[PDB]
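Take a look at this one chain, the form deposited in one PDB entry, written out in structure tokens.
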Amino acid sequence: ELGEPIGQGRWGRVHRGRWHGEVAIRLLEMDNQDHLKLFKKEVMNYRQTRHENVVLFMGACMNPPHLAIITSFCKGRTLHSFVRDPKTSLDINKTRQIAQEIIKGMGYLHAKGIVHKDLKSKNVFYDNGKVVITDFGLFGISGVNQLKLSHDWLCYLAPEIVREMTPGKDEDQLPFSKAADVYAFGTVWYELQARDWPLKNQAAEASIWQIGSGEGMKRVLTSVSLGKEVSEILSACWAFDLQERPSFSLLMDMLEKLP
């Protein structure tokens, strides 16, 4: 679509116009008005993000009660399905390269003051080497006697979050944080090594205590025998004290000095 010319130059003419491109649209149903205000403040910041490991945030069409989030469509597979395909060949180099792409995009988001809140192998898209992070800043929204927790999601949740979990509490009151984002990356780093979840599928109650008490991740780091340097990165990201978990800028160096 070509529009009105805006100035003349030596290299042809430059017009205004409109472009139609393939995108991904997430629809959400909204159940106070201060919700939409906070969402607006976030999507303005998200619209300014620029990083080749972060999905391009196109914008949001707020048409009450339907909320639409528009991002660029991601070619490729999720890292979740990529690592669980037996026909995929991983190694100490491939996993480090994939990790550092994730670290670079996360480090950028935290530099822009954006906590992801749901970093997981399902929200990372792999496409012949290219690594892109999706679905950042989507747990603080407010929309449509028992909690419903998936096994996949629990493996990424830090102890401080599952300790405040209780039926009836809104999820936007859970302590999501940069440190919690690092902890989730710890699980992503585990999947890159073991091609599977860190905790056995079991009752959600048992998962909550094993994560909230720190004993689960300890048994994993003990029973599962990976490389000593690989295990160190894992224990740093999974540190019980959130204040002992490294930053992503520090994780980049830790990853870089692997075998």
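The first residue of the shown sequence is 1; numbering continues from there. Between two forms, the rigid core is the largest collection of C-alphas that superpose within 1.5 Å. Only residues modelled in both forms are compared.
This next part talks about the form deposited in another entry, which is not shown.
Peer 1: Look at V23 and decide if its Cα position differs by 2 Å or more between the shown form and the other one after superposing on the rigid core.
Peer 2: No; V23 is a residue whose C-alpha shifts by less than 2 Å between the shown form and the other one when the cores are overlaid.
Peer 1: For a quick test of reading the superposition: does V14 move by 2 Å or more at the CA between the shown form and the other one, rigid core aligned?
Peer 2: Yes, the C-alpha position differs by at least 2 Å between the shown form and the other one.
Peer 1: Kindly list the runs, ordered along the sequence, of 3+ consecutive residues whose C-alpha shifts are all 2 Å or more between the shown form and the other one once the two forms are aligned on their core.
Peer 2: Three-plus residue run displaced between the shown form and the other one: 1 to 21, uniquely.
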